[PDB]
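Engineer: Coordinates for the following, if possible.
(5 chains, ligands or ions: 2)
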Amino acid sequence: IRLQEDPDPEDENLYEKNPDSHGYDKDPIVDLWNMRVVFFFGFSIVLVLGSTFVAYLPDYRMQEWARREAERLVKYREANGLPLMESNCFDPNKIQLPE
Amino acid sequence: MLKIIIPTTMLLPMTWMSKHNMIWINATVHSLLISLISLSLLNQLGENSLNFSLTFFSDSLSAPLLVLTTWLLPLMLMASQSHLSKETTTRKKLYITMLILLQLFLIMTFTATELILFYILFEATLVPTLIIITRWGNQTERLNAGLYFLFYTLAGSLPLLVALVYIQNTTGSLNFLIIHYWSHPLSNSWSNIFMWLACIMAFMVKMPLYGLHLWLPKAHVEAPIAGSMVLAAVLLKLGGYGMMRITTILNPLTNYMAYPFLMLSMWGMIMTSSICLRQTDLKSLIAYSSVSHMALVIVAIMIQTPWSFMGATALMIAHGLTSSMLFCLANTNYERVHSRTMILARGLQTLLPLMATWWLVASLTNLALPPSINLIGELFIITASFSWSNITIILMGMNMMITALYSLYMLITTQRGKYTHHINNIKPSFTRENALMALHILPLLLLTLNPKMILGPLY
Amino acid sequence: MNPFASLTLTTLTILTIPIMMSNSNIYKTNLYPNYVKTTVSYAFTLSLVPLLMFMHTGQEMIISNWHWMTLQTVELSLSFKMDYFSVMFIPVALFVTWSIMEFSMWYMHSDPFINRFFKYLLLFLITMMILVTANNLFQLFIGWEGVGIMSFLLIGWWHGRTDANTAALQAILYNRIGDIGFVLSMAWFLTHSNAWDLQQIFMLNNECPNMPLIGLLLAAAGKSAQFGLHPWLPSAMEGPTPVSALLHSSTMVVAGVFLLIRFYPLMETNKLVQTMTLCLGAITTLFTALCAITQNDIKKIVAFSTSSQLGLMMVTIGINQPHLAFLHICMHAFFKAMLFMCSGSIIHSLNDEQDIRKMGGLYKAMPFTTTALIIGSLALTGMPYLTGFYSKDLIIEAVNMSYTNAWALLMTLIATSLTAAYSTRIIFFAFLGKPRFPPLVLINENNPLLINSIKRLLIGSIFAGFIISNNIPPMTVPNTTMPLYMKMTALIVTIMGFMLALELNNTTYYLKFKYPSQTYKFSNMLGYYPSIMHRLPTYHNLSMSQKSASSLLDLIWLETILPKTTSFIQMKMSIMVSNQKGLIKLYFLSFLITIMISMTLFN
Amino acid sequence: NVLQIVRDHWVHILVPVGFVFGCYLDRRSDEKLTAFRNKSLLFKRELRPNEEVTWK
Amino acid sequence: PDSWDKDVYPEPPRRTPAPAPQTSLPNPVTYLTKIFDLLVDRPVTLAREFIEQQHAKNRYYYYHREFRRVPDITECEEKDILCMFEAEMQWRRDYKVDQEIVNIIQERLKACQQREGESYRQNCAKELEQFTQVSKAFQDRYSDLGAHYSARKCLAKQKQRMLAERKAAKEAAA
Ligand SMILES: CCCCCCCCCCCCCCCCCC(=O)OC[C@H](COP(=O)([O-])OCC(O)COP(=O)([O-])OC[C@@H](COC(=O)CCCCCCCCCCCCCCCCC)OC(=O)CCCCCCCCCCCCCCCCC)OC(=O)CCCCCCCCCCCCCCCCC
Ligand SMILES: CCCCCCCC/C=C/CCCCCCCC(=O)OC[C@H](COP(=O)(O)OCCN)OC(=O)CCCCCCC/C=C/CCCCCCCC
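Structural biologist: Numbers count the residues shown, from 1 in each chain, chains lettered A, B, ... in the order given. Ligands and ions are numbered 1, 2, ... in the order given. Coordinates below:
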């Protein structure tokens, strides 16, 4: 031997001392409460409440507003015979081309 | 963003003042609460971003990454508490402090509004990761892995710093809004070519790009479980976010300078999938799968079309979740048998059924299985690449075939077959491990249910 | 509201219901298989009702109930197309699944995971229904991959069997090539039509081109096991007999044919793709029949018969007769499911013996399975008034009367003859003669479940073809006038195959032994395709994956270029700089040289 | 006893009070950027009879 | 129904043929339709009536947000950040509205194809022309702007198109 080294320790099994162990801590009470807080907070709170919050987030992307505006524009344009989509985004009168 | 930044800086003293047996409980509970608070950033506008103040802003691209980071912190806490049972109280608190500092730096990086602050923070993320790897790694190669990771990132990113200060001197501002509104075309000159190279190469090394990726297998194999989870889930997404941010000022030079990177990305995607086909180590297989997916993201960003950006963002989120779940499963297998060899342990389906179910789900999400967000992102990228050119479909099909091949090869080798006779220390799966897998997999399916939240600003 | 949409969606939802109840005490007990069977029966009746609604007035609908997401100008929504194809295929699939589930209640009684088996069967049924009723390409792809992965999970039912694992992986590989084709078609369609739904695709693509149609053809070939991508289907017989009866032969292998049917306007618009489809179907049916006529595993023989029928369907699509293909799909589902159930009964009675060389005497040993198999083989070969008559006879007549490839027509006729031949082989080597099984006779086919399931599938093999043919509206111009010899071609070739195969089988009783011929060796070993094409490409790919990519590039040259050379140069320069002896004379002479250089070279 | 509960569980308020302080600081930063309030061309409007500012 | 506008979403008048039976056999479709109406339609109608009665007791309203027009990028001066911001926001809103217009036209096309069924190639030629025109205009507007599109890029593209048209007209007149 070249050192005064400890031998490699044996692997410790949590089920030996605590057959109904959740694998969080060696202490049974702390292990049980760690399982309880993780499950409750994570699953219940985060998953369920965040999912319903995201589901019912207000339509700030203006999808339905854009649909209503498009409906009004289509109705007005096809009622008056105008093209449904104007070929230019900006006004050629307001655009000044070089000579 | 202060309502999310300050709770992390309060996580730090809480962890350092908590009892010796309550550190994990307190950290997990309050990390979950912070994630729930950060879920409120997903309410974005369709016109512009959320400008909180002069320093921080949130966008449709920044919000999913912030939510992913905040959700990822407690999972890393669970895995770390798995593998650090015998550590001393001070060292446990130091590990939790490193994780908290990494999360804080990542949040500030994603919310930063200037390119220089973004650079400072995304370089500051190196120190906690390097310390974690080189201090709590298991094998000898952790030191070499840390050196490779550090020097690859820094050699990539220093020219980015020089180019950023040059751009500020030239134009007047590094603010993202100003450089977006006041953008001017980048003429075809050698100086512009080298500026483009500096920025793109920094973020490509961060991606990583094929040929500049060996640090990724070295670090991911040799890092502890928390380091492996954070490195693949989030730290690989800094390059993609940066490239999606800086490409505003690099046009139209990107049309001419993207060919070598596109060829590298496609061919290296094929090559890394082939490498996955012949891997004797599970963590290495997962690492090279990560490289292939990030190469696909690089292709999407380089082709740079509105359909490619949405696919890139969706694929980044999906890959983060999937790679984190795969690393967790491999870590449980390793803790069972104390070795990373793939063929050492077999029959884990007849020895551990629920873990076999988790493996099946993770491998199904790893390959593009509809209607998962993985498939959504991959399909958008494939469509954009098809519009770009019509042989990219050949390359993408080859990659998909090899991806399915190696994913199912890993699943069959680890789970199916007959159990190894001499391995009799495989105890039943823990409630902690099962909860970890469930919390990895359920958000992915919920994001599949609601997909517009991870498609970025181009949606 | 019209009850059409409500009843169709209700059938799909009640199919999905028992999956939700898989986390309950009913799933923990032994009533789950009966529960699933009852649900499938109720769904079958509830889907029979809309079939009556359609056959009266020809009502068709599309239901875009749920809007998923809008990619700018492309709207992806959950839409269901309830047309002739859907409302005719749903009740047939539900009926076959009901029969297979009762047969599995009998067959898998000793399996500890019979509940999981039934849950997997129900999931496959749900995914197949999604594929059939899908209205847009994304939903069609969802059903595609769902049935693919369910096939993967059910083929490798016994996880301890390396052959089962290899078969599952092989099926996945071939289906992934098909998926490559499918993704190509989807990408082209979206890029060039701004849509992923059939209505806009048909409206805009007045002349569909080679790239999308070839993508669709490749996907169909991969899913339906045409030539080139065929071997996965015969190898898929590693799973339990109920899986082979329900999934592959009856419902899943017709997914590619169904996909090609759903794009029949585009197929009509193009011609080169039609020629390619005709040639592919002809070569597939010929090759599979030729391999079938000399197999000794009954499941293998039935699998090759299924592949030959799929090739016949592909030929039918290629001659621009999409509706005859669908009719043949239905008839083939019926009688092939019955044949697989009879083969499974024979296998289970002889203690898991699947060799016709060990079967014999079953004509009188097992009466009911004997008569059922005889009826199924008569229907398969095209008996003049059975279920298979109303499809195969018309298909052959249309092939003879069309402007087609002469070689394709010849191969189709030869394939029909070889179909008769292998049906005769199965009957002769399984039921005629003296017993060859082990002496302990455990033969018992008196189970009510097996008897009732075979009874239900037996009435369909006789009467269903007549009803379906006489109820559907005329959707094609009949071939009223044709020469008498061309009118009787199918019967003539069928009888010739019967006679020649019967003579060749009767020659086996002689006390004469001869070494096998080269043709026999070629046909028995599946044409050597699995050997060469499963050893050479895989060996080369796995050798290049390690010698070139991993070792030569990643571990050697990518290391040598950037990180190793830099470290070597820095180490050499560091040694050169730090190698100093600490001599003031030396470095003061260096100072003098530096002073001179600074004075002279700097101005 | 009750004191030991507070002695050990007093760290559970640090994150909530940090969240409250962060919300307060967000309000403080928002109140410093009120230079174009009720002045943009798009959202310019006359004030309601019983209001002073359009937003805080 | 009054939920949508019949002009925006046209439907041709529905002509359902009258039943003319020619046999004494009872109609299973009619019998099953009567059973379905008795067992399902009446209960769902009663439930909906109860729900709508509950709704009418708490009737409240929501409005459609109105945006006024603002000066556009053509009027904005160079590097005038406020005007550029306003013009960019207005341009993005107009882009969203145009996308929804294209979506409406596509929905019309799909519905007409499904409704006509076997005679779609002839009876849907009217909706195909409108879709062709709308798609052409939308492509000319926002065809190749890229991921970082902006009102400035759209204006530059329009200027290039106008210059090309002027050059073509001059060449033709020469
Ligand atoms: C590169 C070439 C590419 C070719 C592409 C095209 C291929 C077309 C294929 C056509 C069908 C070929 C069928 C036979 C091949 C498989 C033979 C085999 O393995 O049998 C063992 C196998 C028995 O297996 P086993 O129980 O294990 O017994 C072990 C053997 O005994 C062990 O004894 P074995 O090993 O001695 O048994 C084999 C032996 C005995 O088998 C036979 O004799 C079978 C004969 C079948 C009938 C053929 C003549 C049909 C005449 C029809 C006449 C009427 C025409 C219509 C007009 C009527 C009014 C004018 O056969 C031969 O030696 C050759 C038979 C003919 C081969 C044709 C392909 C030639 C390949 C290249 C040349 C090779 C030459 C050298 C051979 C190798 C070196 C020695 O036989 C069967 O199961 C029955 C076979 C089927 C019989 C009925 C076939 C009817 C349909 C085909 C004829 C056409 C009918 C009309 C169609 C419609 C026209 C419009
Ligand atoms: C589009 C680009 C791709 C085109 C095809 C490329 C083929 C690349 C080959 C795949 C690489 C293989 C990597 C590892 C595969 C899995 C491991 C493996 O090899 O298992 C072998 C496994 C089991 O062997 P068994 O035959 O069952 O014998 C069992 C005895 N106990 O067999 C296989 O799965 C091999 C299948 C590979 C198929 C290769 C050839 C495929 C055919 C391609 C050409 C056909 C084109 C189709 C024409 C369509 C016309 C419209």
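
Engineer: longest helix anywhere in chain D?
Structural biologist: Criterion DSSP state H: the longest helix present in chain D is helix D:14-30.

Engineer: so how far is that helix from its chain's centroid?
Structural biologist: 7 Å (Cα atoms, centre = their mean, to the nearest Å).

Engineer: contact partners of that helix?
Structural biologist: With contact meaning Cβ atoms under 8 Å, 6 or more residues apart in numbering or on different chains, helix D:14-30 is reached by B:1-7, B:9-11, B:13-14, B:30, B:33-34, B:37, B:52-53, D:56. All C-beta spots, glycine's among them, are computed from the backbone N, C-alpha and C.

Engineer: Over to stretch A:12-27?
Structural biologist: The set of residues external to stretch A:12-27 that reach it, using Cβ under 8 Å, 6+ apart, is A:28, A:30-32, A:34-35, A:38, B:21, B:24, B:81-82, B:85-86, B:427-428, B:430-433.

Engineer: what's the burial count for residue B:183?
Structural biologist: The number of residues packed near residue B:183 is 17, by other Cβ atoms under 10 Å in any protein chain shown.

Engineer: Contacts only, for it.
Structural biologist: Contacts for residue B:183 were tallied using Cβ under 8 Å, 6+ apart; they are B:248-249, B:251, E:148, E:150.

Engineer: what do you get if the cut-off is 6 Å, keeping everything else the same?
Structural biologist: By Cβ atoms under 6 Å, 6 or more residues apart in numbering or on different chains, the contact set of residue B:183 is B:248-249.

Engineer: How much space separates it from residue E:85?
Structural biologist: Taking Cβ to Cβ, to the nearest Å as the measure, residue B:183 falls 14 Å from residue E:85.

Engineer: sorry, back to before: filter the contacts of helix D:14-30 down to the ones close to chain A.
Structural biologist: Applying Cβ under 6 Å from any Cβ of the partner chain, the subset of those adjacent to chain A is empty.

Engineer: Could you identify the buried members of these?
Structural biologist: Buried members of these, scored by 16 or more other Cβ atoms under 10 Å in any protein chain shown, are B:1-7, B:9-11, B:14, B:30, B:33-34, B:37, B:52-53.

Engineer: now the strands for chain B?
Structural biologist: All strands of chain B, identified by DSSP state E, fall at B:50-51, B:57-58.

Engineer: deepest of those, which one?
Structural biologist: Mean neighbour count (mean count of other Cβ atoms under 10 Å in any protein chain shown) peaks for strand B:57-58 among those, with a mean of 20.

Engineer: partners of that one, with directions?
Structural biologist: Paired strands of strand B:57-58, with direction, are strand B:50-51 (antiparallel) (DSSP bridges).

Engineer: what does the strand it pairs with rub up against?
Structural biologist: So strand B:50-51 is contacted by B:57-58 (Cβ under 6 Å, 6+ apart).

Engineer: number of nearby residues for residue C:205?
Structural biologist: Here the number of neighbours of residue C:205 (other Cβ under 10 Å) works out to 20.

Engineer: Which positions in chain C make contact with ligand 2?
Structural biologist: C:163, C:166, C:169-170, C:173, C:177, C:180, C:217-218, C:221, C:228-229, C:235, C:280, C:530, C:533-534, C:537-538, C:541-542 (Cβ under 6 Å from any ligand atom).

Engineer: ChimeraX command for the buried members of those residues?
Structural biologist: Provided next is the ChimeraX selection string for whichever of the residues of chain C next to ligand 2 are buried by 16+ other Cβ under 10 Å:
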select /C:166,169,170,173,177,180,217,218,221,228,229,235,280,530
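
Engineer: Which of the residues of chain C next to ligand 2 fall within helices?
Structural biologist: Residues of the residues of chain C next to ligand 2 located in helices (DSSP H): C:163, C:166, C:169-170, C:173, C:177, C:180, C:217-218, C:221, C:235, C:280, C:530, C:533-534, C:537-538, C:541-542.

Engineer: Of those residues, which ones also sit close to chain B?
Structural biologist: Within those, those near chain B by Cβ under 6 Å from any Cβ are C:169, C:180.

Engineer: for the biggest helix by length in chain B, which positions count as buried?
Structural biologist: Ranked by residue count, the top helix of chain B under DSSP H comes out as helix B:306-337. By neighbour count on 16+ other Cβ under 10 Å, the buried set for helix B:306-337 is B:306-334, B:336.

Engineer: From the rest of the structure, what touches stretch B:200-215?
Structural biologist: With Cβ under 6 Å, 6+ apart as the test, stretch B:200-215 has contacts from B:148-149, B:152, B:156-157, B:160, B:216, B:238-239, B:242-243, B:264, B:268, B:291, B:294-295, B:298.

Engineer: Could you check how far the closest residue to residue B:338 other than its chain neighbours is from chain C?
Structural biologist: Spatial nearest neighbour of residue B:338, chain neighbours left out: residue A:11 (7.7 Å); criterion: Cβ to Cβ, 6 or more residues apart in numbering or on different chains. Per Cβ to the nearest Cβ, to the nearest Å, residue A:11 is found 28 Å from chain C.

Engineer: quick one: residue A:11 from residue B:427, how far?
Structural biologist: Taking Cβ to Cβ as the measure, residue A:11 falls 10 Å from residue B:427.

Engineer: got it, and residue A:75?
Structural biologist: In terms of Cβ to Cβ, residue A:75 sits 69 Å off from residue B:427.

Engineer: mind listing what residue B:409 touches?
Structural biologist: Neighbours of residue B:409 in contact, by Cβ under 6 Å, 6+ apart: none.

Engineer: related to what we said a few turns ago, residue A:11 and residue B:427 - which one has more neighbours?
Structural biologist: Neighbours were counted for residue A:11 and for residue B:427 using other Cβ under 10 Å; residue B:427 has more, 14 against 10.

Engineer: For the longest helix belonging to chain A, name the packing helices and strands.
Structural biologist: Ranked by residue count, the top helix of chain A under DSSP H comes out as helix A:63-79. Applying 3 or more Cβ pairs under 6 Å, 6 or more residues apart in numbering or on different chains; DSSP states H and E, one finds that helix A:63-79 contacts helix E:81-116.

Engineer: wait, does the helix or strand following the helix it packs on contact chain C?
Structural biologist: Remark: after helix E:81-116, the chain's next helix or strand is helix E:120-123, criterion DSSP states H and E. No: judged by Cβ under 6 Å from any Cβ, helix E:120-123 and chain C are separated, with a smallest distance of 6.9 Å.
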